[PDB]
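Undergrad: After the structure tokens below, expect a handful of questions from me.
Don't worry about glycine lacking a Cβ; one is built from the backbone with ideal geometry, like all the others, and counts go over all protein chains shown. Read-outs throughout are calculated quantities, based only on the coordinates presented, and are distinct from any laboratory measurement.
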Amino acid sequence: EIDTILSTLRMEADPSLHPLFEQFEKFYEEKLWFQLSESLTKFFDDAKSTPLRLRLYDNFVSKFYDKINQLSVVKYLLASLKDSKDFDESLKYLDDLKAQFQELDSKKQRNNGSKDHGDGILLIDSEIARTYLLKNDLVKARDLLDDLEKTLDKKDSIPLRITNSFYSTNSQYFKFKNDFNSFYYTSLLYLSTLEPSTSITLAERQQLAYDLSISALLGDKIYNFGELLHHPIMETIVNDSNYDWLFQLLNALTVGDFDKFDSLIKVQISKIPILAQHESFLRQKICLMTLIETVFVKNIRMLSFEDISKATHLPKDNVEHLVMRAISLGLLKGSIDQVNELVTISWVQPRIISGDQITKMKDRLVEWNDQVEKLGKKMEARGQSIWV
Amino acid sequence: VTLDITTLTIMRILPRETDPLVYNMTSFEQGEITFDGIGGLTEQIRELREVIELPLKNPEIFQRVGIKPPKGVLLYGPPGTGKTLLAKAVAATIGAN
Amino acid sequence: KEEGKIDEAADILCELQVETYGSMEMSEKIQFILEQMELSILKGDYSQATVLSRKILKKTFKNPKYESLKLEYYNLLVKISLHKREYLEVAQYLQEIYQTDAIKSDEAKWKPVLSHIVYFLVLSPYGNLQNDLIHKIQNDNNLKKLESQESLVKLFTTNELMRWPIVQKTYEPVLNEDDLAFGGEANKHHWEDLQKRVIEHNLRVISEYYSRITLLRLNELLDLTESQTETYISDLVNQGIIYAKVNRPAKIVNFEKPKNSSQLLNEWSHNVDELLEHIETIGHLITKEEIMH
Amino acid sequence: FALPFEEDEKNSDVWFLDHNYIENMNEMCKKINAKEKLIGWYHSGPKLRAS
Amino acid sequence: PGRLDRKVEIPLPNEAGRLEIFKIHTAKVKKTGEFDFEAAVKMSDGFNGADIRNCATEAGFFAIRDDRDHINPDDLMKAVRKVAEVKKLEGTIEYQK
Amino acid sequence: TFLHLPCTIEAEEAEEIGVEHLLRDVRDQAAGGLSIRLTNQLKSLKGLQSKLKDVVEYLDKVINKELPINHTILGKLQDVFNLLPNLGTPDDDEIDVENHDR
Ligand SMILES: Nc1ncnc2c1ncn2[C@@H]1O[C@H](COP(=O)(O)OP(=O)(O)O)[C@@H](O)[C@H]1O
Ligand SMILES: [Mg+2]
């Protein structure tokens, strides 16, 4: 019955994969499908070049799929149909899988009397949306994704798996469109909803890390460069050639530093043609961030244009243009005076976290803590008719 | 309005109670009657258009001259004339409510 | 119409059949009215033509039956407002065509009308309500299916500085292709009115962003000379779009307002309250992270 | 109104909440005022525990 | 002045105005074919359109006496002689102000 | 995690009468004369003093003990600094004209 299914795939398979097959016979026979759910999940890590896995999953889709969590049917299948680069085939199989879950659920909600099976339907819509994105039918996925969004907001008891599939899919949509800002924030939402459970690979970490860094550089309102640095994802891979510069570019922006930043930018024109037409953008961007850092870090809030001029290595004419661009973008609110030659800022959007920024805030409260304490004695003492 | 008998405070709106008679006629259109469907009062339909129909389409000409656009028509004549029927025929042309 | 007696002939049709009818059909009647309006366009009496439009009701074109005459009704009106260089009115008339289902539904047919709408909204002067109307089109997704139109419009929707010589050079070959807003012969001289709007935009943006500026700086910002700068500000004070004080020896121009003692300390009233508000919120968030973490 | 409740501070993954009592109290409380329905639970403090 | 400014007088339907009024009414009720309208108008001289509506009813009464659901030409002749006496006696040629 | 909702406390006019007269004190929910309003200024300032201290301390314990970072706290407290008044500005000069008037 299953005997043919497992025996054929052995020959096709690498020898080092032979035991796995035999372990699938074994936990069928024990009638213990707890260990089976783990074994299938494991299979695609060791065999992601070969779609031996997809053919294997077919048998188990139609057998246990209420006698195993449905969460686990979505986890092993996703690796198989994502990396399938025949996407007609992907759509067709997923739609038939959805029809089986819609029949099943009506009797089984009262029959088990402990389990749910409506959870599974949402996730299939997410996989269906991903297949459309790769296929390059970006609009078809997005309107599927919007209807799915509605359902999710009206539930509050939904698994942590559901949110993880939905945000991943939404990120891929903004990466096709190349909306840098939109990508950055929705990929941050994937990172949060990450599960210790297998629903990631080793490949995916390194590739989100590349795409995040690139988006960040080219955002129009990002200043979450320090937030990325401190994050695990980008921390571990800096020792490879691709992610070496990529780290040092991200680092030179965080710190406002021009000597390291400009030296990197020369290399990347030749190296990467993506960053050979954003050359103008990246130089305006470092200067823009530094501008907010210099006035703010001081306890005087109003600052002459001259000091900015040597700092952003630009003359006075561009200083005013930098300042104007920020206000437009809704990053600062304030005034420009070329009469008094002053920039007087009065609203700031949140700064990067760093220990030393913390230190400068903590020292700044000290100054005015003294005044409250000394005044609190004067007023108390004074008054002889406080309740007389 | 509707107000408590416990604290004499207006709690909530009471939308105004429609008076049935005038309300029935606002709701549905009383039209059309045809111009050549009325016989012998045919002149008197036209004469109404000059008073009402002209300044309604364009207040714009009356405003050029500066003389006020003219309104107020008293309908009279022995009963059964069908002047209430003519009220409908005038406003049937304009499609007026 | 072939003949020179188009003057004479224009007049015949308009006198007689302007008067009402009591036994003629509306379909037949409208068709002559458009004709009468077209002839009033050809003569150069647009004062005639504006009356003829409203002597047929706007409410007899909102049926599917007179959906064909809806396209015509709004086509002839455009031209009447277009000659009297009144651009606010042209834009609305064209948005009725766009919303017409035949134009909206077909891919090709929507393109010529939508480019017209954009052109006239941008040549309209920036009102209060103007911002909302250009930001409707902005929200449209069929704005996104042209790229000439896309780049052009976004510049003025958003508050941002964009120099007159960059517009003059770049957008001359792009927009002279489409006729009757920049490539007509009567509308060639609407490139002069492109210049007035960009710089007028430039002055409104600058009003927010500066509060005092020298006149010498401002000549670079608009790229206009000293004489031109002072003059174009002074008219804006008469149309009541800004308040500025303009110093005639080429000194300084201040786009800011005379204030009162009271008003300025109202902002301090708010900064102090909001600062305090933060100290209250902060106080219970600290305790929360203290116990739990 | 009070609910029956216990806690053991050794392991806070241990506590006693009565399942009978809530239903019975809700039924009674719908009679006295029409205002009354369960909209949360109070804690007696003194702090916000992660428990 | 400024409330009513124009006065439109409504008179009676004329000798060929009275003619049209018959036509609307006959259609409105049931009939078996009638054509006597050229004579009936002379009999009905000086009638309001209210009394032309009453006459059709009058013929309607005569017919249901012969046990017919459709108005005969013969009834319409009978109807108009009856209405006519009654019209003069309770007669009104009056104008209201 | 748990989102603070601020509180001010309220009662219907049914309950409130019994509260006002049962109370047999000065009340922090009502006030009398000028004398009580001098009290209020001392009490209101004392609350600021204590509350500021908690903020500094929290900043200390983040860089010493090394409790995890919160950009909710640090972000809100970033705003406080730009909202901050300073001295020597034309604004303070407008306060002094009003102090002479009053
Ligand atoms: N011109 C007419 N054409 C057809 N029916 C008419 C005409 N004039 C009068 N009538 C009839 O007389 C009836 C009564 O007229 P109505 O409008 O109620 O009148 P009034 O206010 O003058 O009493 C009408 O409903 C209609 O049947
Ligand atoms: Mg009447």
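Undergrad: Non-local amide H neighbours of A:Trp347 (under 5 Å, H modeled in plane, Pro and chain starts lacking H): which ones?
TA: A:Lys333
Undergrad: Average projected area of the Cα convex hull of the stretch A:1-144, in nm²?
TA: Its Cα hull, projected and averaged over all orientations, spans 9.2 nm².
Undergrad: Sort out for me the Cα centre separation of the stretch C:1-60 from chain D, rounded to whole Å.
TA: 82
Undergrad: Apply the a/c threshold of 1.5 to the C-alpha gyration tensor of the stretch A:124-174 and tell me whether it is rounded, prolate or oblate.
TA: prolate
Undergrad: Another question about this same structure. Using θ = phi - 60° and the Karplus form 6.51 cos²θ - 1.76 cosθ + 1.60, what ³J(HN,Hα) does each residue of the stretch F:80-85 get, whole Hz, x for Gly and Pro?
TA: 4, 5, 6, 6, 3, x
Undergrad: Nearest 10 degrees is fine. How inclined is helix C:26-43 to the longest principal axis of chain C, computing both from alpha carbons?
TA: With rounding to tens, the tilt is 80 degrees.
Undergrad: Once Rh for chain C is found with the Kirkwood sum over Cα pairs, what is the Stokes-Einstein diffusion coefficient at 25 °C and 0.890 mPa s, in µm²/s?
TA: Values: Rh = 23.5 Å.
Taking Rh from Cα pairs, D becomes 104 µm²/s.
Undergrad: Projected area of the stretch C:91-171, taken from the Cα convex hull and averaged over every viewing direction, in nm²?
TA: Mean projected area of the Cα convex hull: 5.6 nm².
Undergrad: Can you give the FRET efficiency for A:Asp95 and F:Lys46, using 1/(1 + (r/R0)^6), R0 = 45 Å, r = Cβ-Cβ distance, to the nearest 0.05?
TA: With a Förster radius of 45 Å, E is 0.05.
Undergrad: Something else now. What trypsin sites (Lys or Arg not before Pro) does the stretch E:2-89 have in DSSP loop regions with at most 11 other beta carbons within 10 Å?
TA: Passing both the DSSP loop test and the Cβ count: E:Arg3.
Undergrad: Sticking with this structure for a sec: Evaluate the Debye formula for the stretch C:35-83 with equal point scatterers sitting on the alpha carbons, no solvent, and hand back log10 of I(q)/I(0) at q = 0.16, 0.19, 0.25, 0.29 Å⁻¹, in q order, two decimals.
TA: Normalising to I(0) and taking log10 leaves -0.42, -0.58, -0.91, -1.10.
Undergrad: Normalised by the residues of the stretch A:154-229, what does the relative contact order come to in percent, with Cα pairs under 8 Å and at least six apart?
TA: 32
Undergrad: Over the Cα atoms of the stretch C:227-286, what radius of gyration and what Dmax do you get, in Å?
TA: Values for the stretch C:227-286 (Cα only, Rg and Dmax): 20.3, 60 Å.
Undergrad: Report, to one decimal in Å, the Kirkwood hydrodynamic radius for the stretch A:124-226 based on all distinct Cα pairs.
TA: So the Kirkwood estimate lands at 14.4 Å.
Undergrad: If packing is taken as the mean number of other Cβ atoms within 10 Å per residue, what is the order of B:48-59, C:184-195, highest first?
TA: B:48-59, C:184-195
Undergrad: DSSP loop (so not H, G, I, E, B), at most 16 other Cβ within 10 Å: list which GluC sites (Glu not before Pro) in the stretch C:61-109 pass both filters.
TA: C:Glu67, C:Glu86
Undergrad: Here is a further query. For a footprinting-style exposure proxy, rank A:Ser171, A:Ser7 by other Cβ within 10 Å, fewest first.
TA: Fewest-to-most ranking of A:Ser171, A:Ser7: A:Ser7, A:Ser171.
Undergrad: Counting other Cβ atoms within 10 Å, keep those with at most 11, restrict to DSSP loop, and tell me which trypsin sites (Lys or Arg not before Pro) in the stretch D:17-47 are left. Kindly include the intermediate steps, with their values, before the conclusion.
TA: On the way: sites: D:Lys30, D:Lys31, D:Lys35, D:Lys37, D:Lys47; in loops: D:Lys35, D:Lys37, D:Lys47.
Filter output for the stretch D:17-47: D:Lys35, D:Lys37, D:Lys47.
Undergrad: Within 12 Å, Cβ to Cβ, of C:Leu216, how many net charges do the neighbouring residues add up to if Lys/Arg are +1 and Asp/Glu are -1? Let's see the in-between values first.
TA: Details: positive: C:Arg217, C:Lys251; negative: C:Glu220, C:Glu226, C:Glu230.
Result for the neighbourhood of C:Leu216: -1.
Undergrad: What are the semi-axes of the equivalent ellipsoid of the stretch A:276-339, taken as the square roots of 5 times the eigenvalues of the Cα gyration tensor, listed largest first and rounded to whole Å? Numbers along the way, then the final one.
TA: On the way: eigenvalues 76, 35, 29 Å².
One finds semi-axes of 20, 13, 12 Å for the stretch A:276-339.
Undergrad: While we're looking at this one, here's another question. List, in order, the whole-Hz ³J(HN,Hα) value for each residue of the stretch A:146-161 obtained from phi through the Karplus relation with A = 6.51, B = -1.76, C = 1.60 and θ = phi - 60°; use x for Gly and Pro.
TA: 5, 6, 5, 3, 4, 4, 5, 6, 9, 9, 8, 10, 5, x, 7, 5
Undergrad: Work out the FRET efficiency for C:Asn141 and C:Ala186 from their Cβ-Cβ distance, taking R0 = 35 Å, and round it to the nearest 0.05.
TA: With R0 = 35 Å, the Cβ-Cβ based efficiency is 0.60.
Undergrad: Would you kindly compute the Cα radius of gyration of chain A and its largest Cα-Cα separation (Dmax), both in Å?
TA: Cα radius of gyration and Dmax of chain A are 28.6, 101 Å respectively.
Undergrad: Where q = 0.13 Å⁻¹, what log10 of I(q)/I(0) comes from the Debye formula for chain F, counting one point per Cα?
TA: Each listed q corresponds, in turn, to -0.93.
Undergrad: Also, I was wondering about something else. Pairs of Cα atoms under 8 Å, at least six residues apart: use those to get the relative contact order of chain C, whole percent.
TA: 9
Undergrad: Here's another thing I want to ask about it. Please turn the phi angles of the stretch A:347-357 into ³J(HN,Hα) values with the Karplus equation 6.51 cos²θ - 1.76 cosθ + 1.60 (θ = phi - 60°), one per residue in order, whole Hz, x for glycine and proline.
TA: Ordered by residue, 3J(HN,Hα) equals 8, 10, 8, x, 7, 3, 7, 6, x, 6, 6 Hz.
Undergrad: Pull up all non-local amide H partners of C:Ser211: gap of 5 or more, or a different chain, and H-to-H distance under 5 Å with H placed in the peptide plane.
TA: Hits under the 5 Å cutoff: A:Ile336.
Undergrad: Relative contact order for the stretch A:248-388 using alpha-carbon pairs under 8 Å, separation at least 6, rounded to a whole percent?
TA: Details: 92 pairs, mean separation 21.0, N = 141.
The value is 15 percent.
Undergrad: Compare C:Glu172, C:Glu15, C:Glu277 in a GNM of chain C, Cα atoms joined below 10 Å, and give the one with the largest fluctuation.
TA: C:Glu277
Undergrad: A follow-up question, please. Could you compute Rg(Cα) / (2.2 N^0.38 Å) for the stretch C:157-293, with N its residue count?
TA: On the way: Rg = 23.4 Å, N = 137, 2.2 N^0.38 = 14.3 Å.
Relative to the 2.2 N^0.38 Å estimate, the stretch C:157-293 comes out at 1.64.
Undergrad: Of the DSSP beta bridges with both residues in the protein assembly as shown, give the percent that are antiparallel, rounding to the nearest 5.
TA: Once the DSSP bridges in the protein assembly as shown are tallied, antiparallel ones form about 70 percent.
Undergrad: Could you work out the mean projected area of the convex hull around the alpha carbons of the stretch A:286-388, in square nanometres to one decimal? Mind showing how you got there, number by number?
TA: Working: hull surface 40.2 nm².
Projected area, direction-averaged: 10.1 nm².
Undergrad: Once the Cβ-Cβ distance between C:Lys196 and B:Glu60 is put in as r, and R0 is 45 Å, what FRET efficiency do you end up with, to the nearest 0.05?
TA: According to the calculation, E is roughly 0.90.
Undergrad: Another question about this same structure. Treat the count of other C-beta atoms within 10 Å as a stand-in for reagent exposure and order A:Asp356, A:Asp105 from fewest to most. Before the final figure, lay out the partial values.
TA: On the way: A:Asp356 9, A:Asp105 17.
Lowest count first: A:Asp356, A:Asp105.
Undergrad: For each of E:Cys55, D:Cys29, count neighbouring Cβ atoms within 10 Å of the residue's Cβ, then give the residues from fewest to most.
TA: Ordered from fewest to most neighbouring Cβ atoms within 10 Å, E:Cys55, D:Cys29 come out as D:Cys29, E:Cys55.
Undergrad: A follow-up question, please. Give me the log10 of I(q) over I(0) for the stretch C:38-158 at q = 0.12, 0.22 Å⁻¹, as the Debye formula computes it from C-alpha points; what are the numbers?
TA: Scattering profile of the stretch C:38-158, log10 relative to I(0): -0.49, -1.30.
Undergrad: Considering the Cα positions of chain B, please state its Rg to one decimal place and its Dmax as a whole number of Å.
TA: 20.8, 66
Undergrad: With the cut-off at 1.5 for a/c, could you classify the stretch A:245-291 from its C-alpha gyration tensor as rounded, prolate or oblate?
TA: oblate
Undergrad: Give me, ordered by chain and number, the residues 5 or more places off C:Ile252 or on other chains with an amide H under 5 Å from its own placed amide H.
TA: For C:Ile252, whose amide H was placed from the backbone, the distant partners under 5 Å are C:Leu215, C:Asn247.
Undergrad: Next question. Give or take rounding to whole Å, what are the principal axis extents of the alpha carbon atoms in the protein assembly as shown, in descending order?
TA: In descending order, the Cα extents are 116, 98, 86 Å.
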